[PDB]
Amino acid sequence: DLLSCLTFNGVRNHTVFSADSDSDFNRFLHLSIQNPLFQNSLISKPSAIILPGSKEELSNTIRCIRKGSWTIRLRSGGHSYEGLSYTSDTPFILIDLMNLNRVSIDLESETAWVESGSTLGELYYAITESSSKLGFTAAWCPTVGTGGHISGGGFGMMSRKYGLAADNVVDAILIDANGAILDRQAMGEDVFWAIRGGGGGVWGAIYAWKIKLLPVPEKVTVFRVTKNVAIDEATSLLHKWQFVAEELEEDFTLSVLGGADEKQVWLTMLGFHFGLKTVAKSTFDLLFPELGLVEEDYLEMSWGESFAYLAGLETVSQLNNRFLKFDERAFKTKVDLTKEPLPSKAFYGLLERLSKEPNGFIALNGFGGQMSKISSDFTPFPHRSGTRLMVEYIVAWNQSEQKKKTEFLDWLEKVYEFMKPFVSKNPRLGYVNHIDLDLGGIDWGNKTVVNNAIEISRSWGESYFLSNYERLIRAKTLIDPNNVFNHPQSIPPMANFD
């Protein structure tokens, strides 16, 4: 009996399933569902939700669930694009880590211990409250949890300078399938490597990350300028942007959010500079005069204030609120990574289809900088030198447009088909934090599939990790040979050991 086991093991914060919309269960369940595509009355629901309040409670929670027949699901921020943190094709128990959100900062070693329920915003806020000369590289989305984010890499506006979030992890507490509490020394370098980008929900439950805090100026510079132009000018802006974005010095980042709310397009250029406005403006006057950036556009502020700004927030304090939803639309998204420059016709066609769909968006980021200097096998994220751009295709819709779902999905699929010849090939690359099930999936309940799991999973595995896929399988076998931690695209162990 799970409730008996949990009670005896001192795990008191738990709620069983209830169909009552007003129950604590239903509220907790939906509190961290960040993609409404997976909220509806259909879709798998957990038999119980458990909120461990300590690493020991997390350890025993894992032990208890497993004594039953249940599949374990871990949820930090709940931002899984495919809702893999709170859904399962088999009966499951949901471990919600929201009560594990403590940040301990050591200003002397300039490191920090971060409980895996902590959101990026909670982390950013905690850093500012301790220092104005320190920051950390990760996503702009403040409600994204460190649990899944760092586990899958973690790309952000400072990654051209400092690489991924996972690239700056120096230790971690990992709790395995037996509840064993392990640090870097205990888990070994192969497992410690795998958790730094190998994908969440595969290796065990990360209790906490030990991260290196990174030097930032007292004042940095950001700007957000939107250009409402025609497809023809937009195409030329984007065709030049790709070179600027990648070629910029590592102290710079220029990102693009694109949409066509009509059949003209809008382009929002987002810029960041580790320094003051004069060096920032001088650089873009030179490299990108077409943006029409003036002195008034360059805003100086603290690092924390900049990330609050880039997140579309008003104050630094709003970073420390994990339940703040500025958007609440269902969505599906895909991503490409490029090796060769995109011809002008690539952007043209992309914007063309964008105009045909007002609920469609794109997000564009250049790599280069330090992303080119980090070895491809430093951590599981393989897309380093030779990788030019990350291109995200998104379609999102509210509760009014629900019936147009299959329409929206057909659009995205065709956008993706169109971009096929211009982006990476053999294999077509992906990013594990941009988990995409269109690429396929494993049924761990089908014994035929499971026995050939490695070669079946090699499809998406090499797309996410390339040649790092092989080492990940070994690390999986070291830490979870019986595959207690699994989902449709989780790394398979060396064989079926059950």
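We number the residues from 1 along the sequence you see.
- Averaged over Cα atoms, the B-factor as recorded in the entry is higher for 318 to 326 than for the other of 318 to 326 and 93 to 101.
- Higher mean CA temperature factor, per the PDB entry, when comparing 423 to 431 with 181 to 189: 423 to 431.
- Listed residues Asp251, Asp167, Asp410, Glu115 were ranked by CA B-factor as deposited; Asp410 comes out on top.
- Of the candidates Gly360, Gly83, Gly121, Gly369, the PDB record gives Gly360 the highest C-alpha temperature factor.
- The entry lists a Cα temperature factor for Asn365 that places it in the lowest third of the chain's modelled residues.
- Per the deposited record, the Cα B-factor of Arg63 falls in the lowest third when ranked against the other modelled residues of its chain.
- In the PDB entry, a CA B factor belonging to the lowest third of its chain's modelled residues is recorded for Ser76.
- When the CA B factors of the chain's modelled residues are split into thirds, the value for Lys356 lands in the highest one.
- Compared with the other modelled residues of the chain, the Cα B-factor recorded for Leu439 ranks in the highest third.
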